[PDB]
Amino acid sequence: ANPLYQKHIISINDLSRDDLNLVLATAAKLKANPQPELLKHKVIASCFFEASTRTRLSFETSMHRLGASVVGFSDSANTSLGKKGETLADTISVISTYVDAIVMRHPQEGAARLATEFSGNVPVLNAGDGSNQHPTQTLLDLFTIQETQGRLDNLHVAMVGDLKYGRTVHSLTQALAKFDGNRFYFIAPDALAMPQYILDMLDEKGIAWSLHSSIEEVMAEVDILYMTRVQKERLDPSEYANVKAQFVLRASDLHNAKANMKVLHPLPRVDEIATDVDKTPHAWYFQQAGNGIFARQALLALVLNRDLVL
Amino acid sequence: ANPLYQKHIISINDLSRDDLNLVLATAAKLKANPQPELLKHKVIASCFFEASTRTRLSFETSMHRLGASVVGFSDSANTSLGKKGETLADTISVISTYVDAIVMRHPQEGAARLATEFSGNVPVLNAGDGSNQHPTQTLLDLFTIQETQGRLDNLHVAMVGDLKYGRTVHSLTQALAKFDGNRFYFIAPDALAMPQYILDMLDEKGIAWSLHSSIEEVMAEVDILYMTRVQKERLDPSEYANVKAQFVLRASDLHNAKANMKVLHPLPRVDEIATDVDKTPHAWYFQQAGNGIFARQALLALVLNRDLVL
Amino acid sequence: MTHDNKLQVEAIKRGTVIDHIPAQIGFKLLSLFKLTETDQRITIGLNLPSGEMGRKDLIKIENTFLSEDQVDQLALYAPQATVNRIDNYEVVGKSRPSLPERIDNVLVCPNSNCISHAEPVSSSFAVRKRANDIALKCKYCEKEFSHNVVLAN
Amino acid sequence: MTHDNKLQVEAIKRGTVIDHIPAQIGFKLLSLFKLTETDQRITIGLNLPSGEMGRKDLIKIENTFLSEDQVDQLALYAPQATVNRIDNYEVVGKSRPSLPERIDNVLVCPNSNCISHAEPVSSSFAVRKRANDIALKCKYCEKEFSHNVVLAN
Ligand SMILES: N[C@@H](CN(O)N=O)C(=O)O
Ligand SMILES: N[C@@H](CN(O)N=O)C(=O)O
Ligand SMILES: [Zn+2]
Ligand SMILES: [Zn+2]
């Protein structure tokens with residue numbers, strides 16, 4: 001069957017360029033020609049140990065669009081899981097006897113990988129494990145960039161905001177570094193700069209990257225403007241204000257932007273992108289969000305259905 | 001000067017017969033002639049790590065009646081409590097530098113004894129530590145029996161209720177066993193009977209004891225009827241009710257009682273003593289509670305004031 | 001050509017020597033009593049036979065002798081263990097671990113609600129003998145358990 | 001029978017022996033690798049004379065061999081330690097602990113939020129040698145630290 005058949009989808013790093021291409025290819029296909037009965041008699045577990053509505057609704061919607069059945073929860077004190085000392089291991093050993101696939105979201109970093117060792121034959125798709133991995137988020141980002149730019153190589157990518165803790169941009173930076181000729185522009189306050197280990201990686205692959213203090217500094221060159229969330233709880237309230245400065249995007253900043261540029265954002269944007277931007281042709285965060293359905297549908301189709309789509 | 005001056009009051013078992021007599025004698029003296037300025041310039045800490053309003057107010061009132069000042073907290077989840085970080089040791093090492101005495105209530109067994117190793121010449125009085133000790137409760141009990149019966153020897157003591165988990169009765173039994181010729185009557189559902197280790201102790205000292213299923217089996221010879229609280233959670237609802245029988249007390253049951261008998265109860269009597277008992281001359285649980293001020297004033301007086309009172 | 005004397009530069013030094021320790025206990029004592037943390041040498045022999053169809057562990061530490069009470073601390077793990085202050089057999093008359101009436105720092109209270117667990121205090125238990133058991137009473141929570149419980153932590 | 005002596009201090013036979021273990025690292029290996037869970041005999045010596053100027057530990061465990069992906073596991077603790085197979089020197093290559101690609105079951109992830117802590121799984125870290133340092137990447141949380149971090153905590 002297809003290369004991802006019955007494979008656990010835990011980390012983006014475990015995904016080869018080939019894999020990414022196949023997932024993105026499938027995504028485009030299902031988008032063009034939906035297959036509502038593909039996974040008809042399948043039952044999928046949507047296990048959100050840590051709540052995350054949007055990601056959960058996107059994931060489950062994908063399951064339904066393929067015809068699969070869904071059961072699950074949101075352990076945010078809504079269930080009766082692991083009260084005293086009941087392990088994640090035992091939970092998986094149980095649930096893995098009920099369903100055909102487990103989609104899980106957990107607060108601890110290696111949850112999905114652990115699940116993998118107790119789910120015998122049942123595939124586990126990581127919907128997010130603490131500060132570590134979030135495979136499908138990266139896939140939907142790459143898909144959006146590819147669809148709006150027509151390729152994933154030789155692009156000018158700007159990433160703004162909290163580049164230090166936003167593991168969303170770490171995963172996306174590494175994903176794009178598996179393609180050639182990309183140039184990166186990193187805009188972030190000194191206290192939240194891209195980590196050195198990421199720059200080390202870019203250097204060793206000879207990829208070009210530069211630091212900048214403002215978006216306007218490179219607005220003219222950028223193909224993709226990736227806006228990130230800057231959590232208040234991070235810095236000091238006064239610290240934030242002093243830096244939020246322009247790591248905030250406003251319609252006015254797009255005066256000299258490329259006709260093809262798209263502004264992306266992991267989503268909760270309240271404090272980073274002004275609504276006046278929503279009207280411009282560059283705003284693509286809602287479309288980006290909409291693409292989560294195809295990337296996640298493609299992933300489920302690939303691991304649960306032997307042959308390729310069509 | 002006095003034997004208990006500057007000593008820690010942690011377990012009723014560390015108290016010798018003479019200590020009990022001294023505390024009780026002091027309590028009676030302060031009851032007959034108050035000394036409102038005895039602890040005038042003292043500052044005492046009322047640390048209720050575990051909330052216990054009744055015994056807390058009783059303890060604090062005792063402090064004020066001797067003229068001392070009070071600082072403290074019923075950190076019943078309403079203090080900048082060590083976010084499960086700061087050790088009890090550190091808390092005590094700090095507090096012991098502010099006050100002259102520490103009265104503490106804690107959920108864990110051994111708390112007060114541990115405080116003892118970190119306080120600095122600052123005496124610690126145990127207001128209760130989990131299911132272990134409650135020294136002052138036994139003292140007020142003993143004091144109340146002595147006042148009403150004129151002695152603590154050659155008495156007929158009945159203990160009704162939860163004898164398995166009611167640690168106040170375990171302590172009171174062991175304290176009365178330090179006196180001669182006492183006779184015990186244990187009335188409790190078989191699932192909550194007196195622990196064998198207690199019966200072993202009594203046999204070791206040749207103290208006479210026996211088991212009974214109802215209070216009306218011994219009402220005739222009892223000098224003291226100690227009623228215990230029975231928390232339904234200790235059993236299942238259907239079980240509780242089933243045994244509930246007569247292990248509850250009501251006026252009609254005291255028809256053949258001895259003129260001198262007093263009915264005692266640690267409190268929370270909601271489910272054991274019917275209110276039609278309150279009017280009889282035998283009801284003495286509210287007087288019993290009122291004696292807590294004297295027994296606890298006495299301890300504070302002894303540990304913080306070198307010379308005896310009256 | 002005959003080398004007379006019997007010796008091979010092996011068993012010679014003024015240190016202490018604990019022997020006839022039940023198998024799978026030697027390592028327990030080393031760990032439990034932190035004896036390998038000294039700077040002076042130690043000779044350890046594990047699973048080295050002695051006589052009957054029995055097991056046997058051995059520990060040899062030098063330039064140091066264990067106090068009277070220290071020896072007893074073996075009573076619970078090395079019952080009837082034999083010791084020998086060895087400058088050259090300085091063992092007193094008959095030194096075999098006796099049951100101490102108090103055991104600290106090694107046992108762990110089985111009571112989960114004992115204050116002793118999350119605190120900077122050394123564990124401490126009172127010892128008393130019964131039939132088919134040994135009772136240990138926690139210094140802190142004052143609860144009593146049989147050594148079979150305290151040892152199977 | 002062909003074995004020939006009664007040596008409780010220093011002997012030989014069909015068994016593996018680890019050589020030149022730094023002081024205070026010998027007992028560590030005994031614990032970390034449960035080398036005393038054997039039924040086979042074991043003879044250890046600690047804080048003994050070294051290369052004419054220091055101190056070292058010595059571990060001799062009879063009737064048992066070590067492998068390549070095992071001796072290596074000593075790399076992070078006993079680097080310059082030699083391992084002479086001793087069925088009677090049937091050793092081949094200059095057996096010295098090299099850095100393994102993976103180190104399992106012994107290390108503890110410094111990351112407190114790592115799923116490995118409250119679960120029935122074995123620790124597992126990828127190894128990468130650094131200038132003046134060694135990077136260990138947790139199989140689970142995928143966080144990377146220096147052995148200096150992983151060995152302290
Ligand atoms: N996934 C987010 C919540 N969110 O926005 N869901 O759509 C979180 O858990 O932080
Ligand atoms: N009985 C309560 C204290 N309290 O307020 N009693 O009246 C306790 O043990 O926590
Ligand atoms: Zn305890
Ligand atoms: Zn980890």
# chains A, B, ... in the order shown; residues from 1 in each chain; ligands from 1
call {"tool": "closest_atom_pairs", "arguments": {"of": "chain B", "to": "ligand 3", "cutoff": "10 Å", "atoms": "only C-alpha atoms and all ligand atoms", "output": "CSV"}}
result
residue,atom,partner,partner_atom_place_in_ligand_line,distance
B:108,CA,ligand 3,1 (Zn),9.4
B:109,CA,ligand 3,1 (Zn),7.1
B:110,CA,ligand 3,1 (Zn),7.0
call {"tool": "interface_residues", "arguments": {"of": "chain B", "to": "chain C", "cutoff": "10 Å", "atoms": "only C-alpha atoms", "output": "list in words"}}
result
residues 11, 84, 85, 86, 87, 88, 89, 90, 106, 107, 108, 109, 110, 111, 112, 113, 114, 117, 129, 130, 131, 132 and 133 of chain B
call {"tool": "write_last_selection", "arguments": {"atoms": "N, CA and C atoms", "output": "compact mmCIF listing (two decimals), in the first residue's frame"}}
result
# COMPACT_ATOMS: atom_id res chain seq x y z
N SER B 11 2.09 14.78 71.73
CA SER B 11 1.32 13.54 71.86
C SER B 11 0.87 13.32 73.29
N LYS B 84 2.97 23.92 47.12
CA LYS B 84 3.43 22.54 47.20
C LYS B 84 4.94 22.51 46.95
N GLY B 85 5.59 23.62 47.28
CA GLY B 85 7.03 23.73 47.10
C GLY B 85 7.73 23.83 48.44
N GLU B 86 7.57 24.98 49.10
CA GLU B 86 8.18 25.21 50.41
C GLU B 86 7.81 24.11 51.40
N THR B 87 8.82 23.55 52.05
CA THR B 87 8.62 22.49 53.02
C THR B 87 8.03 23.03 54.32
N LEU B 88 7.43 22.15 55.11
CA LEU B 88 6.87 22.56 56.39
C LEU B 88 8.04 23.01 57.26
N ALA B 89 9.17 22.34 57.10
CA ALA B 89 10.38 22.69 57.85
C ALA B 89 10.70 24.18 57.67
N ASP B 90 10.82 24.62 56.42
CA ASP B 90 11.12 26.02 56.12
C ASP B 90 10.05 26.95 56.67
N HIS B 106 -2.60 20.29 61.26
CA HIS B 106 -2.05 19.88 59.96
C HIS B 106 -2.73 18.59 59.47
N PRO B 107 -2.79 18.39 58.14
CA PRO B 107 -3.42 17.17 57.60
C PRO B 107 -2.56 15.90 57.74
N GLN B 108 -1.24 16.06 57.78
CA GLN B 108 -0.33 14.93 57.88
C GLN B 108 0.12 14.54 59.27
N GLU B 109 0.17 13.23 59.50
CA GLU B 109 0.60 12.69 60.79
C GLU B 109 2.09 13.00 60.96
N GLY B 110 2.45 13.48 62.15
CA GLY B 110 3.84 13.81 62.41
C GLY B 110 4.19 15.28 62.21
N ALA B 111 3.30 16.06 61.61
CA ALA B 111 3.59 17.48 61.36
C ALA B 111 4.12 18.23 62.58
N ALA B 112 3.38 18.18 63.68
CA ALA B 112 3.80 18.88 64.89
C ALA B 112 5.16 18.42 65.43
N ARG B 113 5.45 17.13 65.33
CA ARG B 113 6.73 16.63 65.83
C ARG B 113 7.85 17.11 64.93
N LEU B 114 7.57 17.20 63.63
CA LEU B 114 8.56 17.68 62.69
C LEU B 114 8.82 19.17 62.97
N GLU B 117 11.46 20.03 65.50
CA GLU B 117 12.88 19.96 65.17
C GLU B 117 13.38 21.18 64.40
N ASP B 129 -2.85 16.41 64.18
CA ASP B 129 -2.04 16.09 63.02
C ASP B 129 -2.53 14.83 62.34
N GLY B 130 -3.44 15.01 61.38
CA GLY B 130 -3.97 13.87 60.66
C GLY B 130 -4.71 12.95 61.60
N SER B 131 -4.50 11.65 61.45
CA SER B 131 -5.18 10.69 62.31
C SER B 131 -4.31 10.27 63.49
N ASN B 132 -3.35 11.10 63.88
CA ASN B 132 -2.48 10.72 64.98
C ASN B 132 -2.91 11.29 66.32
N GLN B 133 -2.48 12.51 66.63
CA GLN B 133 -2.77 13.13 67.92
C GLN B 133 -3.55 14.44 67.99
call {"tool": "calpha_fit_rmsd", "arguments": {"fixed": "chain D", "moving": "chain C"}}
result
3.7 Å
call {"tool": "atom_distance", "arguments": {"atom1": "atom CA of residue 28 of chain B", "atom2": "atom CA of residue 140 of chain B"}}
result
11.0 Å
call {"tool": "residues_near_ligand", "arguments": {"ligand": "ligand 2", "cutoff": "8 Å", "atoms": "only C-alpha atoms and all ligand atoms", "output": "list in words"}}
result
residues 50, 51, 52, 53, 54, 55, 56, 267 and 268 of chain B
call {"tool": "closest_residue", "arguments": {"among": "C:40, C:2, C:8, C:146", "to": "chain D", "atoms": "only C-alpha atoms"}}
result
C:40
call {"tool": "atom_distance", "arguments": {"atom1": "atom CA of residue 195 of chain A", "atom2": "atom 5 (O, counted along the ligand's line) of ligand 1"}}
result
23.9 Å
call {"tool": "calpha_fit_and_write", "arguments": {"fixed": "chain B", "moving": "chain A", "output": "short mmCIF file (atom, residue, chain, number, x, y, z; two decimals) with C-alpha atoms, in the first residue's frame"}}
result
data_model
loop_
_atom_site.label_atom_id
_atom_site.label_comp_id
_atom_site.auth_asym_id
_atom_site.auth_seq_id
_atom_site.Cartn_x
_atom_site.Cartn_y
_atom_site.Cartn_z
CA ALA A 1 9.96 26.43 86.73
CA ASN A 2 6.94 24.15 86.32
CA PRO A 3 7.57 20.73 84.64
CA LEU A 4 5.91 21.77 81.37
CA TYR A 5 7.71 25.08 81.00
CA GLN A 6 9.01 25.54 77.47
CA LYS A 7 8.00 21.96 76.61
CA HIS A 8 6.49 20.96 73.25
CA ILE A 9 2.98 19.47 73.68
CA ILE A 10 2.74 16.98 70.82
CA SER A 11 1.39 13.61 71.97
CA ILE A 12 -0.80 12.55 74.89
CA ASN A 13 1.41 9.46 75.24
CA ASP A 14 4.39 11.68 76.02
CA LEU A 15 2.37 13.01 78.96
CA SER A 16 2.83 11.33 82.33
CA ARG A 17 0.01 11.00 84.84
CA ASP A 18 1.85 13.73 86.75
CA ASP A 19 1.65 15.99 83.69
CA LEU A 20 -2.07 15.33 83.19
CA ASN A 21 -2.70 16.07 86.88
CA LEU A 22 -0.78 19.34 86.66
CA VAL A 23 -2.62 20.45 83.52
CA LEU A 24 -6.00 19.57 85.01
CA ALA A 25 -5.05 21.26 88.29
CA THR A 26 -4.10 24.47 86.49
CA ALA A 27 -7.30 24.32 84.41
CA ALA A 28 -9.46 24.26 87.52
CA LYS A 29 -7.49 27.14 89.00
CA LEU A 30 -7.77 29.46 86.00
CA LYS A 31 -11.43 28.54 85.80
CA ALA A 32 -11.90 29.62 89.43
CA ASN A 33 -9.68 32.71 89.22
CA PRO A 34 -9.03 34.06 85.69
CA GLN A 35 -5.71 35.74 84.99
CA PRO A 36 -6.32 37.98 81.90
CA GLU A 37 -2.81 39.47 81.92
CA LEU A 38 -0.78 36.33 82.54
CA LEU A 39 0.61 36.20 78.96
CA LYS A 40 0.35 39.95 78.20
CA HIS A 41 3.39 40.58 76.01
CA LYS A 42 3.39 37.19 74.28
CA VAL A 43 2.55 36.64 70.61
CA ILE A 44 1.17 33.31 69.56
CA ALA A 45 0.96 31.78 66.10
CA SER A 46 -2.34 30.02 65.35
CA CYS A 47 -1.36 27.96 62.27
CA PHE A 48 -4.31 25.99 60.93
CA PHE A 49 -2.82 24.35 57.81
CA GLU A 50 -6.04 22.36 57.88
CA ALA A 51 -9.17 24.33 58.78
CA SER A 52 -11.13 23.56 61.96
CA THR A 53 -13.13 26.55 63.14
CA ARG A 54 -14.33 25.37 66.55
CA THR A 55 -10.96 24.04 67.62
CA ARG A 56 -9.38 27.18 66.23
CA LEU A 57 -11.83 29.54 67.92
CA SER A 58 -11.44 27.65 71.21
CA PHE A 59 -7.66 27.79 71.03
CA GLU A 60 -7.43 31.49 70.09
CA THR A 61 -10.05 32.43 72.66
CA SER A 62 -7.82 30.78 75.25
CA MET A 63 -4.90 32.87 74.05
CA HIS A 64 -6.88 36.06 74.44
CA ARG A 65 -8.33 35.15 77.84
CA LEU A 66 -4.69 35.08 78.98
CA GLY A 67 -3.90 38.39 77.32
CA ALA A 68 -1.62 37.11 74.56
CA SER A 69 -1.56 38.49 71.01
CA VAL A 70 -2.49 36.21 68.09
CA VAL A 71 -1.43 35.94 64.43
CA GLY A 72 -2.00 33.01 62.09
CA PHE A 73 -4.02 31.57 59.20
CA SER A 74 -6.09 28.66 57.78
CA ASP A 75 -4.13 27.22 54.82
CA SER A 76 -7.36 25.97 53.26
CA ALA A 77 -6.38 27.84 50.08
CA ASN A 78 -6.69 31.09 52.03
CA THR A 79 -2.95 31.67 52.11
CA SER A 80 0.07 31.46 49.82
CA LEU A 81 1.94 28.67 51.63
CA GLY A 82 4.05 25.92 50.07
CA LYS A 83 2.85 26.58 46.52
CA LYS A 84 5.34 24.41 44.57
CA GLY A 85 7.75 22.62 46.89
CA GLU A 86 8.06 24.87 49.95
CA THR A 87 8.50 22.61 53.00
CA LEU A 88 6.78 22.67 56.38
CA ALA A 89 10.31 22.75 57.79
CA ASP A 90 11.07 26.11 56.16
CA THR A 91 7.68 27.48 57.18
CA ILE A 92 8.44 26.64 60.83
CA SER A 93 12.03 27.91 60.61
CA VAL A 94 10.49 31.23 59.56
CA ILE A 95 7.50 31.53 61.84
CA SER A 96 9.57 30.36 64.80
CA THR A 97 11.60 33.60 64.54
CA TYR A 98 8.41 35.70 64.84
CA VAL A 99 6.44 34.22 67.71
CA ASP A 100 6.72 32.94 71.29
CA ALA A 101 4.67 29.81 70.57
CA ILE A 102 3.18 27.85 67.67
CA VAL A 103 -0.25 26.23 67.78
CA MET A 104 -0.61 24.15 64.64
CA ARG A 105 -3.22 21.94 62.99
CA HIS A 106 -2.07 19.94 59.94
CA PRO A 107 -3.48 17.17 57.63
CA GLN A 108 -0.32 14.98 57.93
CA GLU A 109 0.31 12.73 60.95
CA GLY A 110 3.72 13.83 62.20
CA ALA A 111 3.53 17.53 61.37
CA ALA A 112 3.75 18.87 64.92
CA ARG A 113 6.71 16.60 65.74
CA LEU A 114 8.51 17.76 62.63
CA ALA A 115 7.77 21.41 63.53
CA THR A 116 9.51 20.67 66.85
CA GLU A 117 12.82 20.03 65.08
CA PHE A 118 12.88 23.38 63.25
CA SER A 119 11.43 25.74 65.91
CA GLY A 120 14.48 26.21 68.16
CA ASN A 121 13.37 27.12 71.66
CA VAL A 122 9.86 28.04 70.47
CA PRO A 123 7.25 25.58 71.86
CA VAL A 124 4.82 23.87 69.51
CA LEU A 125 1.33 22.76 70.65
CA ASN A 126 -0.30 20.12 68.47
CA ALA A 127 -3.89 21.07 67.66
CA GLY A 128 -4.20 17.94 65.52
CA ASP A 129 -2.02 16.15 63.02
CA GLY A 130 -3.98 13.93 60.68
CA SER A 131 -5.16 10.66 62.19
CA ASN A 132 -2.51 10.73 64.90
CA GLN A 133 -2.61 12.98 67.93
CA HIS A 134 -4.89 15.64 69.39
CA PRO A 135 -3.52 16.35 72.95
CA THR A 136 -5.78 19.24 73.99
CA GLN A 137 -8.98 17.43 72.97
CA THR A 138 -8.08 14.59 75.34
CA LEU A 139 -7.14 17.00 78.14
CA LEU A 140 -10.49 18.79 77.87
CA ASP A 141 -12.28 15.42 77.94
CA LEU A 142 -10.42 14.23 81.05
CA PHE A 143 -11.03 17.61 82.70
CA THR A 144 -14.76 17.33 82.00
CA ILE A 145 -14.94 13.78 83.39
CA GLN A 146 -12.94 14.77 86.48
CA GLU A 147 -15.05 17.84 87.09
CA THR A 148 -18.36 15.98 86.68
CA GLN A 149 -17.29 12.73 88.34
CA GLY A 150 -14.89 14.15 90.93
CA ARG A 151 -12.14 11.72 89.85
CA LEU A 152 -10.58 9.86 86.89
CA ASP A 153 -10.21 6.47 88.55
CA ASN A 154 -12.71 3.70 89.24
CA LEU A 155 -15.34 4.82 86.75
CA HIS A 156 -17.64 3.07 84.29
CA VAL A 157 -16.95 4.50 80.83
CA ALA A 158 -18.99 3.67 77.76
CA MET A 159 -17.76 4.65 74.32
CA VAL A 160 -20.22 4.48 71.42
CA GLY A 161 -19.95 4.87 67.65
CA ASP A 162 -16.98 4.63 65.32
CA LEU A 163 -14.36 3.28 67.71
CA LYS A 164 -12.14 2.13 64.86
CA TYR A 165 -11.33 5.46 63.24
CA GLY A 166 -12.25 7.89 66.02
CA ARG A 167 -8.71 8.63 67.16
CA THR A 168 -10.43 10.81 69.76
CA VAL A 169 -11.53 7.75 71.71
CA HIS A 170 -8.22 5.94 71.20
CA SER A 171 -6.40 8.82 72.90
CA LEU A 172 -9.05 9.09 75.64
CA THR A 173 -9.03 5.32 76.28
CA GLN A 174 -5.25 5.35 76.66
CA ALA A 175 -5.39 8.44 78.89
CA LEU A 176 -7.90 6.85 81.26
CA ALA A 177 -5.86 3.63 81.29
CA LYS A 178 -3.19 5.59 83.17
CA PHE A 179 -5.56 5.71 86.12
CA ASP A 180 -6.81 2.75 88.19
CA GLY A 181 -9.99 0.71 88.49
CA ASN A 182 -11.74 2.00 85.38
CA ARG A 183 -14.15 -0.30 83.55
CA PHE A 184 -14.83 0.17 79.84
CA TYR A 185 -17.91 -0.63 77.74
CA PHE A 186 -17.40 -0.58 73.97
CA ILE A 187 -20.47 -0.16 71.79
CA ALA A 188 -19.86 -0.13 68.02
CA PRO A 189 -20.85 -1.93 64.82
CA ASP A 190 -18.52 -4.84 64.00
CA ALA A 191 -17.03 -2.95 61.05
CA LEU A 192 -15.98 -0.10 63.36
CA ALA A 193 -15.00 -1.90 66.56
CA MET A 194 -12.29 -0.76 68.96
CA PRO A 195 -8.88 -1.79 67.49
CA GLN A 196 -7.18 -4.91 68.85
CA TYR A 197 -4.02 -2.99 69.78
CA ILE A 198 -6.11 -0.95 72.24
CA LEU A 199 -7.64 -4.07 73.76
CA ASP A 200 -4.18 -5.63 73.94
CA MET A 201 -3.04 -2.66 75.99
CA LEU A 202 -6.00 -2.88 78.36
CA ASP A 203 -5.36 -6.59 78.87
CA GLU A 204 -1.69 -6.11 79.72
CA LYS A 205 -2.66 -3.57 82.38
CA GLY A 206 -5.38 -5.90 83.58
CA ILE A 207 -8.13 -3.37 82.89
CA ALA A 208 -11.70 -4.62 82.50
CA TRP A 209 -13.52 -4.03 79.22
CA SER A 210 -16.49 -5.61 77.46
CA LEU A 211 -18.24 -5.30 74.08
CA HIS A 212 -21.97 -4.61 73.75
CA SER A 213 -24.40 -4.14 70.86
CA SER A 214 -26.60 -1.52 72.45
CA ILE A 215 -26.28 1.36 74.91
CA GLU A 216 -29.33 0.20 76.89
CA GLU A 217 -27.36 -2.97 77.59
CA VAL A 218 -25.21 -1.05 80.10
CA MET A 219 -26.96 2.30 80.51
CA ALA A 220 -27.56 1.38 84.16
CA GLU A 221 -23.87 1.06 85.04
CA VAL A 222 -22.25 3.92 83.08
CA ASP A 223 -20.78 7.06 84.69
CA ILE A 224 -19.66 8.52 81.37
CA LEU A 225 -21.36 7.93 78.03
CA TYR A 226 -18.89 9.03 75.35
CA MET A 227 -20.76 9.43 72.05
CA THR A 228 -18.62 9.53 68.94
CA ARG A 229 -19.21 10.85 65.41
CA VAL A 230 -20.00 8.31 62.70
CA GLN A 231 -18.91 9.75 59.36
CA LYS A 232 -21.19 8.94 56.43
CA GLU A 233 -18.24 8.66 54.03
CA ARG A 234 -17.06 5.70 56.12
CA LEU A 235 -19.47 2.86 55.36
CA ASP A 236 -21.98 2.37 52.53
CA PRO A 237 -25.08 4.62 52.67
CA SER A 238 -27.24 1.52 53.12
CA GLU A 239 -24.67 0.08 55.50
CA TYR A 240 -24.88 3.15 57.72
CA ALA A 241 -28.67 3.17 57.99
CA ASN A 242 -28.67 -0.56 58.77
CA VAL A 243 -26.31 0.04 61.69
CA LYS A 244 -26.93 3.64 62.84
CA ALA A 245 -29.74 1.68 64.52
CA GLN A 246 -29.18 2.76 68.11
CA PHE A 247 -25.58 3.94 68.11
CA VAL A 248 -27.73 7.04 68.19
CA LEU A 249 -28.83 8.38 71.55
CA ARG A 250 -32.33 9.62 72.33
CA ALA A 251 -33.76 11.05 75.56
CA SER A 252 -35.89 7.93 75.92
CA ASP A 253 -32.74 5.81 76.38
CA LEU A 254 -31.85 7.64 79.59
CA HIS A 255 -34.76 6.38 81.71
CA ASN A 256 -32.57 4.24 83.99
CA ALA A 257 -29.30 6.21 83.89
CA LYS A 258 -27.22 7.10 86.97
CA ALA A 259 -27.93 10.55 88.43
CA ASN A 260 -24.26 11.42 87.93
CA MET A 261 -23.87 10.26 84.33
CA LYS A 262 -22.80 12.72 81.72
CA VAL A 263 -23.15 12.28 77.98
CA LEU A 264 -20.09 13.55 76.11
CA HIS A 265 -19.45 14.03 72.38
CA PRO A 266 -16.34 15.37 70.50
CA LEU A 267 -19.04 17.71 69.15
CA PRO A 268 -20.23 17.55 65.56
CA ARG A 269 -23.24 15.47 66.73
CA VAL A 270 -25.94 16.10 64.17
CA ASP A 271 -26.25 12.41 63.28
CA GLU A 272 -25.77 10.74 66.73
CA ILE A 273 -27.61 12.55 69.58
CA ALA A 274 -31.23 13.70 69.28
CA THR A 275 -31.92 17.25 70.46
CA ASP A 276 -34.43 16.05 73.05
CA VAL A 277 -31.37 14.86 74.95
CA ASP A 278 -30.10 18.48 75.18
CA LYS A 279 -32.67 19.18 77.93
CA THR A 280 -31.75 16.28 80.24
CA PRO A 281 -29.21 16.82 83.05
CA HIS A 282 -26.94 14.23 81.43
CA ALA A 283 -26.16 16.25 78.28
CA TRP A 284 -22.70 17.68 78.83
CA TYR A 285 -21.23 18.10 75.34
CA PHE A 286 -21.62 21.86 75.20
CA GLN A 287 -20.20 22.17 78.74
CA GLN A 288 -17.52 19.75 77.60
CA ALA A 289 -16.81 22.09 74.68
CA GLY A 290 -16.79 25.06 77.04
CA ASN A 291 -14.07 23.33 79.06
CA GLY A 292 -11.75 23.42 76.06
CA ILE A 293 -10.97 27.01 77.06
CA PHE A 294 -9.61 26.07 80.52
CA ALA A 295 -7.65 22.98 79.40
CA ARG A 296 -6.06 24.96 76.56
CA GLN A 297 -5.49 28.03 78.72
CA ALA A 298 -3.80 25.81 81.31
CA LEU A 299 -1.54 24.30 78.69
CA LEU A 300 -0.45 27.67 77.30
CA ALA A 301 0.09 29.10 80.80
CA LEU A 302 2.23 26.08 81.73
CA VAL A 303 4.55 26.20 78.72
CA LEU A 304 4.82 30.00 78.56
CA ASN A 305 4.94 31.04 82.24
CA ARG A 306 7.65 29.65 84.55
CA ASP A 307 5.79 29.55 87.85
CA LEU A 308 2.53 27.83 88.69
CA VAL A 309 -0.77 29.68 88.57
CA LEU A 310 -2.05 32.11 91.26
#
call {"tool": "closest_atom_pairs", "arguments": {"of": "chain C", "to": "chain D", "cutoff": "7 Å", "atoms": "only C-alpha atoms", "output": "CSV"}}
result
residue,atom,partner,partner_atom,distance
C:10,CA,D:9,CA,5.4
C:11,CA,D:9,CA,6.7
C:27,CA,D:36,CA,6.8
C:36,CA,D:27,CA,6.8
C:37,CA,D:24,CA,6.6
C:39,CA,D:47,CA,6.2
C:40,CA,D:47,CA,5.8
C:41,CA,D:47,CA,4.2
C:42,CA,D:46,CA,4.9
C:43,CA,D:45,CA,4.5
C:44,CA,D:44,CA,4.9
C:45,CA,D:43,CA,4.6
C:46,CA,D:42,CA,4.7
C:47,CA,D:41,CA,4.6
C:48,CA,D:41,CA,6.2
call {"tool": "atom_distance", "arguments": {"atom1": "atom CA of residue 89 of chain C", "atom2": "atom CA of residue 53 of chain C"}}
result
27.4 Å
call {"tool": "select_by_dssp", "arguments": {"residues": "segment 141-199 of chain A", "states": "strand (DSSP E)", "output": "list in words"}}
result
residues 156, 157, 158, 159, 160, 183, 184, 185, 186 and 187 of chain A
call {"tool": "select_by_dssp", "arguments": {"residues": "segment 37-156 of chain B", "states": "helix (DSSP H, G or I)", "output": "number ranges by chain"}}
result
B: 53-65, 88-95, 111-116, 135-149
